[PDB]
Amino acid sequence: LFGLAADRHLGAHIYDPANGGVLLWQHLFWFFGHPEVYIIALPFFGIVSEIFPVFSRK
Amino acid sequence: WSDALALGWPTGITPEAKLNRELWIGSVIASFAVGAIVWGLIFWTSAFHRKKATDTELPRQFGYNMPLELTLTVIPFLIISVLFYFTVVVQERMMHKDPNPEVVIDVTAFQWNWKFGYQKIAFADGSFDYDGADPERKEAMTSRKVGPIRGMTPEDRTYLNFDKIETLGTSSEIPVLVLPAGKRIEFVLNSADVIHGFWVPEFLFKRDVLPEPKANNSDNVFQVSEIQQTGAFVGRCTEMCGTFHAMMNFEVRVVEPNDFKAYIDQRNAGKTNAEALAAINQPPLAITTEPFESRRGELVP
Amino acid sequence: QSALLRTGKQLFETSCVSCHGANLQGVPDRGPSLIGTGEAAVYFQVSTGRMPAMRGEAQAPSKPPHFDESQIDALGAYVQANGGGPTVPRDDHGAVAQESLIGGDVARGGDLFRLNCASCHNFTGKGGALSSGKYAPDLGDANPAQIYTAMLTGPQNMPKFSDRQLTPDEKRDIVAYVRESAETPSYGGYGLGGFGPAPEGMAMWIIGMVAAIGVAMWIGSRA
Amino acid sequence: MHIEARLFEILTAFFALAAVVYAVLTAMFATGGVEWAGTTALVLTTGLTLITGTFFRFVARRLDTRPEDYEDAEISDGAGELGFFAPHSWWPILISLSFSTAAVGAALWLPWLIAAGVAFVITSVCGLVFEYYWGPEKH
Amino acid sequence: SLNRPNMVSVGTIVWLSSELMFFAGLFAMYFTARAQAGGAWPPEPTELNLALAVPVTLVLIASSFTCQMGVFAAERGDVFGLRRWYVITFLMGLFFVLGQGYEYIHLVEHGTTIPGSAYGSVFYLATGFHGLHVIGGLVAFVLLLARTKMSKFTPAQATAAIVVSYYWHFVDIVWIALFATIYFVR
Ligand SMILES: CCCCCCCCCCCCCCCC(=O)OC[C@H]1O[C@H](O[C@@H]2[C@H](O)[C@@H](O)[C@H](O)[C@@H](O[C@H]3O[C@H](CO)[C@@H](O)[C@H](O)[C@@H]3O)[C@@H]2OP(=O)(O)OC[C@@H](COC(=O)CCCCCCCC[C@H](C)CCCCCCCC)OC(=O)CCCCCCCCCCCCCCC)[C@@H](O)[C@@H](O)[C@@H]1O
Ligand SMILES: CC(C)=CCC/C(C)=C/CC/C(C)=C/CC/C(C)=C/CC/C(C)=C/CC/C(C)=C\CC/C(C)=C/CC/C(C)=C/CC/C(C)=C/CC1=C(C)C(=O)c2ccccc2C1=O
Ligand code: HEC
Ligand code: HEC
Ligand SMILES: CCCCCCCCCCCCCC(=O)O[C@H](COC(=O)CCCCCCCCCCC)COP(=O)(O)O
Ligand SMILES: [Cu+2]
Ligand SMILES: [Cu+2]
Ligand SMILES: [Cu+2]
């Protein structure tokens, strides 16, 4: 995000297509994106994992 | 029945599409199997294992089973292994790129429309040769003391390709690409501004049109082995590109091999697209899509 | 040069055709016709980055340019050959005139600016708000050619000043005033933006009064 | 505290393996070069876990078993003195407001707003850090 | 006896480990832009001098020693030794910052700027973010030295000194990586 703000406000060449920056962004973003979708999965696994034993008497 | 287990894929018009459809159907079946198994297991315990009226003495407190957690961790590995094998087998086929194609197309995507250019034609029967490359016009895109990126400014546009025959789309006319049937086809993709999406649903395929494919280490050229159906098929953009992302469709019209030469000759004479299709007893405008209304919407006088 | 008139046409049909048409006649409710606008309009719109536009809002903003000088000239010449109109002034070498546009009389330029241009812009060429989502920009970024071609065309909501209303001698004085009022240092300290009472009041409240209250709290006691 | 230390180096081994595999498999039969973008990330992902693992290992070797790390431990073992916790403070909201001001300044590119935001941030952080250390007023 | 882990230290360790992934982006940008160089990676206007970056690096490498000496003084109960060593550390850090600024001015004069080239962008971004971390460290020194004279020298103040030292040993270890990867591996 800082890199992108630098491009927009200071006129730098970070994500220029000629510079191989179209796919730099995708790598950097998808390194975040998928762990992000696993951040909002595991705690809600734990909630149901806590709830199941109580109502099953087991 | 392939009309219910394909979940609504179109039938292929190319060998690769037909091969891909088989893998899709097989995968759908193999997923519904495990879905049914697990749903049955969930339903079984929710209908029989319940609290009885005459029920005391809390049930058996078992929570470990060693020779069952090692068994149920092996079957999914074997399931995924075969799927991986078939995936590899199919994916290697869809990207072959035979050295000698029979027609090369230069596809360029700009801001909310298309342009198609016939690079070269070389039939296998030695009955038609044409070379449409235009380097003189290509030379007029060059920019330069030193330049920012590799000794040039971002305003280079050298990577684009220009040809003698080019169909151009407008805001009031859908661009139509004309191809022969039963022939090997190239597609070489390049973009002027941003990323676009090349999708023809009947091909069961799509590829991103990038502003610098070479500099970004990404293949921007695919082949079709042959097409065995004459007619008109739709294509549309499948990558977010701005306000008019949803309004830059196109059409592909496949005709008989002999009609292709007549169309090419008509275009060589100086006729437009609409004046060439009419010359080979074909509708001039698109029949799968029509131009969008230029107005903003229905709240405007 | 015909070698320049065809390189500017292939640039147009790849970047401009969606909003302006293939025959420069304009796409209804998407963009206007470009017949009779001239190369001055093209120069101003493309050099400052306003074109090509990206969406339909209250006002199309400026941004980094999409093409370079050669391509700008090509596009301008292609447009000029399709209905005429104004032209960008050149110098003895054919390049766009920058230094030769600066007028001698800055005092006359000053009050011409104050009568004609200070209503939308500021006293010295800052911004100004317009009706609904529109505004007059800051003039501290434009070069002489851009300042000259802005009033020759009347870009978006700025009125149009012909060469008969403002002769190409008063325009030079105006551009001289605009270029001088942007590159002269403040006398008497930091400029504080150049708007007047509002930044002054905020500076007072946030510096002077804070310091005074801090000093009072240091000298005095609590409870 | 061995379980804590082990949990990190378990990840470290996998991360190192993944980075090494990715780097080599890309050098040959992969278009372009070594794919510097993905290679860089994994070789620092390993470092993230390595630092914490090493620190935890050293701390575990330094101190002996705690009531928390003991199987058959009694509640009476942990009785005593925990430490200091802040009961209340209104400084966090001021810090957040200062940072918000700086961010809004940076978004619209208003240097004066950025400067004001930075000054506010410094003042708020000073207020937070010098909270339980100010002495009585001298008169 | 001591039989517990210092949680003010484990908190700062985990945060410092997380902060290492921020520089991952910058390193990725540098290595990506370097790949598409073609010919000479530092372009024609760019000329890196080792006549100024070496002494500055040596100073930034001599600060850690003084910092560790201050920490050693902190663990004994000495409040004055800590102050003396931390002041010296602050001065050396300030020297680093001023040297870096001078080099920036020199480079800008010869035509190496952020909008000028693709090299300039990555160079200035990486080195500027490192400079920002250094300034943060200096601010931390000032705040801690101001706090050390508000109250009696308790173990908590020693803990604060130790964690600040941890942070400093993270600004100079990331500059030996950058210096190695910029001035030697060109
Ligand atoms: C306790 C005692 C009392 C204290 C009193 C304090 C006063 C201290 C004064 C110290 C200065 C001494 C030297 C004299 C001044 C001087 O020699 O003058 C330099 C030149 O400078 C500006 O030229 C910029 C370039 O140099 C030019 O190239 C460029 O052309 C020009 O552009 C203008 O003109 C173009 C043409 O049209 C337009 O295109 C364009 O738009 C624009 O208008 C540039 O101007 P500009 O944008 O203003 O930015 C300048 C740079 C840098 O400036 C400089 O060099 C030096 C600046 C010195 C100022 C020092 C002030 C001290 C304040 C603190 C730092 C802030 C913290 C306080 C917060 C609270 C406290 C904590 C609790 O950025 C900054 O950081 C600005 C400083 C930020 C702080 C100032 C006030 C902030 C108040 C906050 C209010 C918001 C509250 C919100 C609450 C919700 C113009 O003015 C010129 O005339 C002028 O010539
Ligand atoms: C009646 C009327 C006109 C009111 C309009 C109210 C209104 C809609 C305000 C919108 C303001 C903003 C910030 C718009 C952007 C959208 C947005 C982010 C909205 C707020 C979102 C929100 C609630 C978030 C959390 C709050 C938060 C973190 C902070 C908000 C940011 C803040 C505090 C900024 C606003 C402060 C403000 C409006 C001050 C302006 C006052 C003055 C006098 C400034 C003018 C000024 C100028 C113009 C200078 O050039 C200058 C140059 C050098 C020195 C000084 C100045 C100077 O002071
Ligand atoms: C291809 C790069 C171009 C060029 C050379 C120009 N445009 Fe645009 N444009 C659009 C709209 C809605 C307007 C009118 C409102 C406003 O000015 O913002 C314009 C305006 C112009 C002008 C001004 C002509 C005048 O009448 O004086 C000029 C010279 C111009 N343009 C050149 C919309 C679009 C658009 C659709 C979004 C696209 C694409 C372009 N413009 C691209 C170009
Ligand atoms: C109100 C309407 C006016 C008046 C009377 C003048 N201008 Fe200005 N101007 C106005 C607007 C709304 C805009 C923006 C149009 C656009 O972005 O398409 C402008 C633009 C300019 C510019 C170009 C912007 C730049 O690059 O900074 C210049 C140089 C300019 N205007 C100058 C100018 C002068 C010299 C005027 C009087 C002689 C003048 N304007 C009048 C709004 C308005
Ligand atoms: C947006 C985040 C980017 C931060 C990167 C830090 C930059 C280090 C400064 C190096 C100076 C080099 C300048 C140069 O050669 O080009 C100069 C332009 O660079 C600048 O203006 C730099 C200002 C950056 C703002 C400082 C940090 C922003 C604060 C935000 C806090 C939230 C001159 O270039 P030019 O003359 O136009 O060719
Ligand atoms: Cu995913
Ligand atoms: Cu598109
Ligand atoms: Cu799209």
Side-chain angles (χ1 to χ4, degrees), chain A residues 17-18, chain B residues 106-111 113-119 131-144 147-149 151-170 175 188 190-193 211-212 267 270 272, chain C residues 1-25 34-53 64-88 90 93-96 145 149:
Chain B
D106 276 335
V107 164
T108 186
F110 57 91
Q111 198 77 278
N113 218 345
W114 294 95
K115 176 184 80 175
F116 308 108
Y118 300 81
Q119 171 166 343
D131 179 27
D134 210 335
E136 304 208 298
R137 199 157 37 115
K138 180 172 165 114
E139 184 62 29
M141 305 275 135
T142 284
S143 292
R144 292 289 105 199
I149 307 155
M152 70 206 176
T153 50
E155 298 83 5
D156 211 39
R157 279 181 187 86
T158 298
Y159 63 94
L160 294 172
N161 299 323
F162 309 84
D163 305 300
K164 307 211 184 67
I165 298 163
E166 278 171 337
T167 296
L168 191 85
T170 75
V188 180
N190 284 316
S191 186
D193 49 359
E212 293 290 332
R267 291 293 263 131
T272 80
Chain C
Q1 183 84 15
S2 80
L4 188 142
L5 209 66
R6 70 157 189 79
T7 187
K9 167 174 203 266
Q10 74 168 352
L11 284 169
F12 186 96
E13 50 189 21
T14 308
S15 186
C16 300
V17 69
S18 296
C19 287
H20 290 295
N23 285 330
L24 289 84
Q25 87 268 12
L34 288 183
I35 311 287
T37 68
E39 68 173 3
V42 172
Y43 178 81
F44 171 80
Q45 293 279 338
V46 171
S47 54
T48 66
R50 305 187 152 72
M51 301 292 145
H66 212 278
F67 310 83
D68 61 0
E69 277 81 0
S70 301
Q71 299 168 57
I72 285 168
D73 288 333
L75 270 158
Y78 169 63
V79 173
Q80 179 82 25
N82 283 272
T87 51
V88 56
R90 309 307 198 111
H93 300 97
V96 176
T149 50

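Note on naming: letters A, B, ... go to the chains in the order of the sequence lines (proteins, then strands), and numbering restarts at 1 for each one.
- The residues B/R157 and C/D68 are annotated as not salt-bridged, no charged nitrogen and carboxylate oxygen being separated by less than 4.0 angstrom.
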Q: Would you check, one step at a time, whether the test salt bridge (charged side-chain N to carboxylate O under 4.0 Å, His left out) holds for B/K115 with B/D163?
A: CA-CA 11 Å; B/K115 176 184 80 175; B/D163 305 300; over 6 Å; no
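- No side-chain heavy atom of C/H66 sits under 4.5 Å from any side-chain heavy atom of C/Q71.
- Here the closest heavy-atom approach between residue C/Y78 and residue C/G8 is recorded as CD2-O, 3.8 Å.
- Atom-to-atom distance recorded for B/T167:OG1 and B/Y118:OH is 5.0 Å, nearest 0.5 angstrom.
- In this structure, B/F116 and B/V107 have side chains that are in contact, with non-hydrogen atoms separated by less than 4.5 Å.
- Here the shortest heavy-atom pairing between B/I149 and A/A18 reads CG2-O, 3.8 Å.
- Counting heavy atoms from C-beta on, the side chains of B/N190 and B/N161 come closer than 4.5 Å.
- Remark: the backbone N or O of C/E39 is paired with a side-chain donor or acceptor of C/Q80 at under 3.5 angstrom.
- To the nearest 0.5 angstrom, B/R144 atom CZ is 13.0 Å from B/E155 atom CD.
- Atom-to-atom distance recorded for C/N23:CG and C/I35:CD1 is 7.5 Å, nearest 0.5 angstrom.
- Taking both residues in full, the closest heavy atoms of B/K138 and B/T158 are given as NZ-O, 3.0 Å, listed atom of the first, atom of the second, then distance.
- C/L34 has its side chain out of reach of C/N82: every pair of non-hydrogen atoms, C-beta onward, lies at least 4.5 Å apart.
- From C/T37, atom OG1 reaches atom CG of C/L24 across 8.0 Å, with rounding to the nearest 0.5 Å.
- The CD atom of C/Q10 lies 11.5 Å from the CG atom of B/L168; values are rounded to the nearest 0.5 Å.
- The backbone N or O of B/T153 lies less than 3.5 Å from no partner atom in the side chain of B/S143, so there is not a single donor-acceptor pair.
- Counting only heavy atoms from C-beta outward, the side chains of B/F110 and C/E13 never approach each other to under 4.5 Å.
- Within the 4.5 Å cutoff, the side chain of B/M141 has no heavy atoms near those of the B/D156 side chain.
- Minimum heavy-atom separation, C/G21 to C/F12: O-CE2, 3.5 Å.
- Other residues, nucleotides and ligands place more than 12 heavy atoms under 6.0 Å from the CD atom of C/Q25.
- A donor-acceptor pair is defined here as one N or O able to donate and one able to accept, closer than 3.5 Å; such a pair exists between the side chain of C/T149 and the backbone of C/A145.
- Residues C/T7 and C/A74 share a closest heavy-atom pair of CG2-CB, 3.9 Å.
- The line from CD of B/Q119 to CG of B/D131 is 8.0 Å long, rounded to the nearest 0.5 Å.
- Formation of a donor-acceptor pair under 3.5 Å by the B/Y159 side chain with backbone atoms of B/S191 is found in this model.
- Here the closest non-hydrogen pair linking B/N113 and B/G169 is ND2-C, 2.9 Å.
- When atom types are taken as modelled, the side chain of B/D134 and the backbone of B/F162 share no donor-acceptor pair closer than 3.5 angstrom.
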